[PDB]
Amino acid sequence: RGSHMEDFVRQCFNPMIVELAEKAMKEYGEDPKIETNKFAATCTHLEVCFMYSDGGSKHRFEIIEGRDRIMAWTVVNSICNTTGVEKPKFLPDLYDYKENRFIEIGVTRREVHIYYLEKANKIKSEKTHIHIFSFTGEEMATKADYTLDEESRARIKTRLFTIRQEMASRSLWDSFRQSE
């Protein structure tokens, strides 16, 4: 129960992000006390989605990730019925009103190439945009369209590498990398 990874995640991430990740994991029947690597990954993905939405304009991004399943699906339904974009098979992460498209954010511990391959093979909706970040500073977006400016993506990559460094300083990075 008393794992180093859980305490590190509680010390490293914002309390609201921790609570959101806990709720998202408990909604799918997962315990952050035992599945600590998945807990860290969920916190990281949440923080990345939030930083991504922070970029761009004020009314640019509609945030899907973070809400519970029912409200998230309701928001996607409203977006689809308002704009006319095709309904995605799986719950995306954000919606860009400027580009008028759903965005799926990915955070991987390996090369962005194979991760984007799997993410584009698991979903068949070719309209949804995909954006993958790595823990080493690499990024990969659909049609070479990175949506945001270079500064926001650079901040995201810097935060990711800081998280990796803090994990390695506690001898927890190897297990986290092998978990994925």
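What we label the rigid core is the largest C-alpha set whose atoms superpose within 1.5 Å from one form to the other. Residue indices: 1-based, along the sequence shown.
Q) Is the larger C-alpha RMS shift in 7 other deposited structures of this protein, relative to this form with the rigid core superposed, found in 132 to 140 or in 116 to 124? A) After the core superposition, the stretch with higher RMS deviation in 7 other deposited structures of this protein is 116 to 124.
Q: On mean C-alpha B-factor from the PDB entry, just flag whether 171 to 179 or 4 to 12 is the higher one.
A: Mean B over CA atoms: larger for 171 to 179.
Q | Mean C-alpha temperature factor, higher of 113 to 121 and 34 to 42 | A | Result of the comparison: 113 to 121.
Q: Choose from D54, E62, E126, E47 the residue with the greatest Cα B-factor as stated in the PDB record.
A: That would be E126, according to the entry.
Q) Hey, what third does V85 fall into on Cα B-factor, ranked over its chain? A) Tercile = highest for this residue's CA B-factor.
Q. Relative to the other modelled residues in the chain, which third contains the C-alpha temperature factor of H131: lowest, middle or highest?
A. Its C-alpha B-factor, which the entry lists for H131, ranks in the lowest third among residues of this chain.
Q.
Based on the deposited C-alpha B factors for this chain, I'd like to know if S78 is in the lowest, middle or highest third.
A. Middle third.
Q: Please rank the C-alpha B-factors of the chain's modelled residues and tell me whether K58 sits in the lowest, middle or highest third.
A: For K58, whose C-alpha B-factor we compare with every modelled residue in the chain, the answer is the highest third.
**Q.** Ranked against its chain, the third holding the CA B-factor of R153
**A.** Lowest third - that is where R153 ends up once the chain's C-alpha B-factors are sorted.
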